[PDB]
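# Understanding the architecture of this molecule
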Amino acid sequence: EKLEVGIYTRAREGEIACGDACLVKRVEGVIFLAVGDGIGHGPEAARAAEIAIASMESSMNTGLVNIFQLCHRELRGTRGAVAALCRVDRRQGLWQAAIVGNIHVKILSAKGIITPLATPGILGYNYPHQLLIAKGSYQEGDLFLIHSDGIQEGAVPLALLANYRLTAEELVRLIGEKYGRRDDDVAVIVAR
Ligand SMILES: [Mn+2]
Ligand SMILES: [Mn+2]
Ligand SMILES: [Mn+2]
């Protein structure tokens, strides 16, 4: 059955462009989910977050190491950005995820609630010694939450993600509105 995915973003109060960006891309039973947060706020941050997302999309199915290394190259000379990507291979029942910087990922799975470890750094400026790719098993019903630091780590009550009285689209909007800081850009993806 289809993976339901909701996206929500909101600019920092007073800005007219959101400095965070989201990507959901479906490719032959493999789904990619990404959030980027351009350093700072406003249109220069937005430019960087969108460059990061566009770069990822162009690099899909070359492997996360390559994906993040090209992101870093395309972001040289810009604001820079931090970013997370989850690659969910539903057909083979596997996921991989990695994070450069402070995007937050949580994966609620039949195997347990798993929070992938971020590697410090800023794409475009300081690439980590090496990317730490978390790996796990996926089965239908597992939930993925990704958000920028517009929402504090651990702010979202987990059980809300298993509430199917709201759609994923409705749920990420509620999450962004309840938990999103108004002094920063906010971006959230939920997939289930
Ligand atoms: Mn930012
Ligand atoms: Mn489902
Ligand atoms: Mn931020």
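Rules behind the numbers
Residues numbered from 1 in each chain as written, not as in the entry; some residues may be left out. Chains lettered and ligands numbered in written order. Heavy atoms only, no water. Helix = DSSP H or I, 4+ residues; strand = E, 2+ residues; numbered from the N terminus. Rg over C-alpha atoms; globule rule 2.2 N^0.38 Å. Areas by Shrake-Rupley, 256 points an atom, 1.4 Å probe, with all protein chains shown as cover. Donors = N, O, S within 2.8 Å, 3.2 Å for Na, K, Ca; no water. Buried < 20%, exposed > 50% of the residue type's maximum accessible area, 1.4 Å probe, protein only. Salt bridge = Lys/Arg side-chain N within 4 Å of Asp/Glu carboxyl O. Expected span 1.5 Å × (residues − 1). Arc of directions from axis to C-beta. Contact = heavy atoms within 4.5 Å. Pairing = 2+ DSSP bridges. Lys, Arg positive; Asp, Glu negative; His and termini not counted. Polar contact = N/O pair within 3.5 Å; in protein donor to acceptor, adjacent residues only side chain to side chain. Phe/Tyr/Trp six-rings, centres within 6.5 Å; stacked < 30°, edge-to-face > 60°. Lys NZ or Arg CZ within 6 Å of the ring centre and 35° of its normal. Core = buried A, V, L, I, M, F, W, Y, C linked by side-chain atoms within 4.5 Å.

## Focus on the overall build of the protein chain
What the protein chain contains, in helices and strands, is three helices and ten strands. For the protein chain, the α and β elements follow one another from N to C terminus as β-β-β-α-α-β-β-β-β-β-β-α-β. For 192 residues, the compact-globule estimate of 2.2 N^0.38 gives 16 Å, and the protein chain sits close to it at 15 Å. Judged by the C-alpha coordinates and their principal axes, the protein chain covers about 40 × 35 × 25 Å. In the form shown here, the protein chain has an accessible surface area of approximately 8800 Å², with 50% of it arising from carbon and sulfur atoms.

## Examining the coordination of the manganese ion (ligand 1)
Every protein donor of the manganese ion (ligand 1) is accounted for by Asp-37 (OD), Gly-38 (O) and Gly-40 (O), and the metal-donor separations fall at 2.1 to 2.2 Å. When the donor residues of the manganese ion (ligand 1) are listed from N- to C-terminus, their spacing reads D-G-x1-G. Separating the manganese ion (ligand 1) and the manganese ion (ligand 3) is a distance of 3.8 Å, and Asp-37 donates to both of them. What makes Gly-38 buried here is its relative accessible area of 0%. Judged by relative accessible area, which is 39%, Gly-40 ranks as partly exposed.

## Side note on the pattern of salt bridges
Counting across every chain of the model gives nine salt bridges. For the salt bridge of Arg-91 with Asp-89, the shortest nitrogen-to-oxygen distance reads 3.4 Å. Relative accessible area serves as the criterion here: at 52%, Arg-91 is assigned to the exposed category. Measuring nitrogen to oxygen at the nearest pair gives 3.0 Å for the salt bridge that ties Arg-173 to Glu-177.

## Topic: helix α3 (residues 168–179)
Each α-helix turn comprises 3.6 residues. Residues three or four places apart therefore point the same way. If you check α3, its first and last C-alpha atoms are 16 Å apart, about what twelve residues at 1.5 Å a residue would give, namely 16 Å. Within the sequence span of α3, burial applies to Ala-168, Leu-171, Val-172, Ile-175 and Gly-176. Axial view of α3: buried residues confined to an arc of 135 degrees, hence all on one face. Tucked into the core, α3 has its buried residues touching β1 (5–10) and β10 (186–191).

## What about the pairing of strand β9 (residues 143–147)?
Counting buried positions along β9 yields five of five residues, so the element is predominantly enclosed. Burial along β9 is two-sided: the face carrying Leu-143, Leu-145 and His-147 and the face carrying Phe-144 and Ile-146 are both buried. Bridging between strand β6 (residues 104–109) and β9 involves five bridges; their strand directions are antiparallel. Considered in β9, the bridge of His-104 is made with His-147. As judged from the four bridges shared by β9 and β10, these two strands associate in the antiparallel manner. When the sheet's bridge partners are listed, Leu-145 is paired in β10 with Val-190.

## Re the side chain of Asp-20
For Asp-20, the position within the fold is in strand β2 (residues 20–27). With no salt bridge to any partner, buried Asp-20 finds its closest opposite charge in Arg-10, at an N-O distance of 9.3 Å. One polar contact links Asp-20 to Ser-148, side chain to side chain, over a distance of 2.7 Å. If near-sequence neighbours (up to four positions away) are discounted, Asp-20 is found in contact with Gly-36, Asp-37, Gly-38, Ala-49, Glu-50, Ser-148, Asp-185, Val-186 and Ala-187.

## A word on the packing of aromatic side chains
This structure, assessed with the given rule, holds one aromatic pair. Directly above the aromatic system of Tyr-164 lies the positively charged group of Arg-192, at a separation of 3.9 Å from the ring centroid.

## Quick look at the nonpolar core
Residues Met-56, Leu-64, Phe-68, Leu-75, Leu-85 and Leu-123 are the most contacted members of the largest nonpolar core, which totals 25 residues. Counting residues per element, the ones that place at least two in this core are β2, β3 (30–38), α1 (42–59), α2 (64–75), β4 (81–89) and β5 (94–100). When residues in this core are grouped by element, the largest group, six residues, is from α1. Beyond its immediate sequence surroundings of up to four residues, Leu-85 is in contact with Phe-32, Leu-33, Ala-34, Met-56, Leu-64, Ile-67, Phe-68, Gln-96, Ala-97 and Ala-98. Formed by 23 residues, the second largest nonpolar core is a distinct cluster that contains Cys-22, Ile-31, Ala-97 and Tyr-138.

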